[PDB]
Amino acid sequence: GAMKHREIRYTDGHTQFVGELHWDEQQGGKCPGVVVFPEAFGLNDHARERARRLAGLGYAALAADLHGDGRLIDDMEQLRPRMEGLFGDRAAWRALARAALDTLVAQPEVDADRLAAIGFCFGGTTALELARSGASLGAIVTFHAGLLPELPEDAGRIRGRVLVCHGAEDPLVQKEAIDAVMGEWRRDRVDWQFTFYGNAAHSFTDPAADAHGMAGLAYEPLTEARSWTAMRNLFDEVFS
């Protein structure tokens, strides 16, 4: 195709964010938009590449900034404090996620009636927070994402179809948290799907995972391909 990208600067009113929009310049009219939330490191090459791949499918994809000013956490001691600060300030967490969605919708390439969010690890958790906020999203797909309970007011506010792609060997996802979210989605009759991929642990979509913290984080190319296909099948159902 004619894949392009451009820097997008946006804000939640507190923080200045720097994302990246990927799109196919050959596409005719408005196309589905996908927000891409990265791992908790922040907007990195892994997330940019997934936005690029989405543009190759005919979407307009915004790789989102989790931290502000495009900042990329490389000191692993800083990861947990940032994530826990967002766990304890769900309003601020949802505001930065909603700012990314609003910025995506503001782009001339994007069909506001055909929107999705995906996320990797903490980015997937972020995508589910965006769905729980009641944002207008047709589909949400998570990849090796941590899960946590809803807020009470979130009941019935998920409006899209939900697909969780989970590594069955992932030590970082709490089994009680899986039970919790399944229970929320059963109660509210969400159109939800949850796939256990037996081969896979945490970070199974990242070829660069095999560096990090060894056992528990590992690239799994078969699960990467299968889960990407499952995402594409869901998007085709919702968007075609």
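Residue numbers here begin at 1 and follow the sequence given.
Taking the recorded C-alpha temperature factors, which stretch has the higher mean, 231-239 or 1-9?
The entry gives the higher C-alpha B-factor average to 1-9.
As stated in the PDB record, which stretch has the larger average Cα B-factor, 197-205 or 56-64?
According to the PDB entry, the answer is 197-205.
Kindly indicate the residue among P38, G183, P32, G70 with the greatest C-alpha B-factor in the PDB record.
It is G183.
Divide the modelled residues of the chain into thirds by Cα B-factor and specify which third, lowest, middle or highest, holds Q78.
Highest third - that is where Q78 ends up once the chain's C-alpha B-factors are sorted.
Would you mind checking where the Cα B-factor of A47 ranks among the modelled residues of its chain, as the lowest, middle or highest third?
Middle third.
When the modelled residues of the chain are sorted by Cα temperature factor, does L115 land in the lowest, middle or highest third?
Lowest third - that is where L115 ends up once the chain's C-alpha B-factors are sorted.
Ranking every modelled residue in this chain by its Cα temperature factor as given in the entry, which third contains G138?
Tercile = middle for this residue's CA B-factor.
Relative to the other modelled residues in the chain, which third contains the C-alpha temperature factor of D102: lowest, middle or highest?
For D102, the deposited C-alpha B-factor lands in the lowest third.
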